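Every chain is numbered from 1, with letters handed out A, B, ... down the list of sequences. Only this structure's heavy atoms are used, side chains among them; waters, hydrogens and symmetry mates stay out.
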Number of protein chains: 2
Amino acid sequence: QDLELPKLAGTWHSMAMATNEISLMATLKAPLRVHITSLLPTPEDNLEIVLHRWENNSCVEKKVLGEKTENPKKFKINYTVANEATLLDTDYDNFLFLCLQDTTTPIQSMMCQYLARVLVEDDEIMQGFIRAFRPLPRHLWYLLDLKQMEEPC
Amino acid sequence: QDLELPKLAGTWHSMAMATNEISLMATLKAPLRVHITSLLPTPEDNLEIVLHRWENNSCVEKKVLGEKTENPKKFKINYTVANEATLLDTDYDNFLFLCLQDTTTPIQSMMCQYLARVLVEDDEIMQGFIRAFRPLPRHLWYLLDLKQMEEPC
């Protein structure tokens, strides 16, 4: 899988979220309590991320630009505590695991999101999501399993 | 599956934990941040639960007695906020899903633990654990995926 960026374009839905620092995600106010709703790769092979979150007592939409790196899965960003986004794994038509990371610390703080093209629970993929953040990131991991229009934004 | 209580006797290891209230579980001080290490059914068909937790800056062992109810999966207890324990599902030789619940509130607060006889990651069972707390408990659920001798107790 050499990453074909254009094939990630378009709408995505968050199915689950994981973090190695619960406070990044535990509340609606938390830095990385966000929901990625679309990706828009640019002609320069940069990445536009669109996300939704709760902020000042309402649902709001944010744009986050990512500059390409030597690694086609990694983009430099600036969103709250995160300075890097990672396209961890994908099959394009069904799932994408996308991480927002703070690389500045010795222990890299991180939130990864299981994104899906349609709202369909899949055991293989949910289990692959868990397996993804398992191996080398060998701390306790928290996982938030989302529900349908229960999360406000 | 009519529940054969004696077949649950003995040693268990926590593989994962889930809650519908993150604060019950988020810190080591949290009420239901506990690890069940054995079950000992009594001759009266009551249940002795042994658990381990962090408390006053060290690992400590606790005993929690459960009185039988008309339901053979449910036992009345008194541990922090929980007044009931539930044996949700099991195959006896590999897994047991055990919940500690506060039934006193309208929205039942709850921590469930994926217990295992041996330290073996299994996709089918981990996925069955998630499916278990999914259907009717239809809020956001948090899941803590544990690691080997990283958790102090």
Side-chain angles (χ1 to χ4, degrees), chain A residues 13-35 52-54 95 97 107 110-114 116 119-153, chain B residues 13-35 52-54 95 97 107 110-114 116 119-153:
Chain A
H13 305 269
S14 63
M15 304 286 288
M17 316 169 53
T19 191
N20 56 359
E21 261 199 342
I22 179 60
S23 73
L24 298 174
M25 196 174 78
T27 56
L28 288 171
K29 299 154 169 173
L32 299 178
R33 182 72 93 99
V34 302
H35 297 270
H52 281 237
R53 70 165 308 143
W54 183 97
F95 79 90
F97 302 158
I107 304 160
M110 164 163 44
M111 185 285 298
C112 302
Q113 200 155 77
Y114 163 15
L119 301 172
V120 175
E121 28 277 304
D122 191 277
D123 285 353
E124 203 209 59
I125 298 176
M126 176 63 74
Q127 207 52 28
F129 186 52
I130 292 163
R131 183 168 299 275
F133 66 66
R134 197 108 93 176
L136 212 66
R138 204 174 304 172
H139 16 263
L140 303 171
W141 269 75
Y142 291 87
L143 190 100
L144 176 53
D145 182 35
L146 303 167
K147 299 292 146 66
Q148 292 75 47
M149 276 307 319
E150 195 209 346
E151 187 87 334
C153 190
Chain B
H13 305 269
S14 63
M15 304 286 288
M17 316 169 53
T19 191
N20 56 359
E21 261 199 342
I22 179 60
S23 73
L24 298 174
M25 196 174 78
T27 56
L28 288 171
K29 299 154 169 173
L32 299 178
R33 182 72 93 99
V34 302
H35 297 270
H52 281 237
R53 70 165 308 143
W54 183 97
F95 79 90
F97 302 158
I107 304 160
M110 164 163 44
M111 185 285 298
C112 302
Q113 200 155 77
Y114 163 15
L119 301 172
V120 175
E121 28 277 304
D122 191 277
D123 285 353
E124 203 209 59
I125 298 176
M126 176 63 74
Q127 207 52 28
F129 186 52
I130 292 163
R131 183 168 299 275
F133 66 66
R134 197 108 93 176
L136 212 66
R138 204 174 304 172
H139 16 263
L140 303 171
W141 269 75
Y142 291 87
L143 190 100
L144 176 53
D145 182 35
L146 303 167
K147 299 292 146 66
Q148 292 75 47
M149 276 307 319
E150 195 209 346
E151 187 87 334
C153 190

Given the rule in the side chain to side chain contact (heavy atoms under 4.5 Å, CB included) test, do A/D145 and B/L143 qualify, once you have shown the distances and angles that lead to the verdict? CA-CA 8 Å; A/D145 182 35; B/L143 190 100; over 6 Å; no
Let me check something: any side-chain donor-acceptor pairs from residues 124-131 of chain A under 3.5 Å, sequence neighbours excluded? List them with distances.
from	atom 1	to	atom 2	distance (Å)
A/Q127	NE2	B/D123	OD1	3.3
A/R131	NH2	B/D123	OD1	3.1
A/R131	NH2	B/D123	OD2	3.4

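B/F95 pairs by the ring pair (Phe, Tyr, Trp, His ring centres under 6.0 Å) definition with B/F97, not counting sequence neighbours.
Inspection of non-hydrogen atoms places B/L146, B/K147, B/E150, B/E151 of residues 146-153 of chain B under 4.5 Å from chain A. Scanning residues 14-28 of chain B against chain A with a 4.5 Å non-hydrogen threshold yields B/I22, B/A26, sorted by number.
No other option in B/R134, B/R138, B/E121 has as many heavy-atom pairs under 4.5 Å with chain A as B/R134.
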